[PDB]
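Take a look at this single chain in structure tokens; it is the form deposited in one PDB entry.
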């Protein structure tokens, strides 16, 4: 691809500057602040619930044949008693754990599939609640206090 070098150089500059801004409580953009808050929230959730969380992640047996329906059914477990930001963070951590597992088990085909499942689940089931509850900007405020 003719743009690879340009994309690589831009990705490197922006990654470095976003990191340095974030260390000072600033942001490259509002999206960069949401991303960073979600990275940290996912790390915090995973550190506090690791072993208990494997009771949820272990509910989905991933193969090259796994479709959206099976992912949706397991994720619906997080939202049976309703939606909140904590449950939303765990949903991202769930997707993250499946993605890592897919790569570990040489099923790299599932990375794209999992990313697509997450966007569909968010747009079909969580986006109406997110918008009614102040959007991602509110998540950043609440998480950061």
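Residues that one form lacks are left out of the comparison. The term rigid core refers to the maximal set of C-alpha atoms that superpose within 1.5 Å between the two forms. Residue numbers count along the first chain shown, from 1.
Below, we refer to the form deposited in another entry, which is not included among the displayed structures.
- The residue among 110, 38, 97, 88 whose Cα moves by 2 angstroms or more between this form and the one not shown, once the core is superposed, is 110.
- Put the two forms on the same core and the Cα of residue 48 is off by less than 2 Å between this form and the one not shown.
- Superposition of the core reveals a Cα shift of less than 2 Å for residue 76 between this form and the one not shown.
- Compared with the form shown here, the Cα atoms of residue 15 and residue 101 move at least 3 Å closer together in that other deposited form.
- In that other deposited form, the CA atoms of residue 88 and residue 128 move farther apart by at least 3 angstroms compared with the shown structure.
- In a core-based superposition, a mobile segment is defined as at least three consecutive common residues whose CA atoms each shift by 2 Å or more; between this form and the one not shown, such segments span 7 to 29, 53 to 61, 107 to 144.
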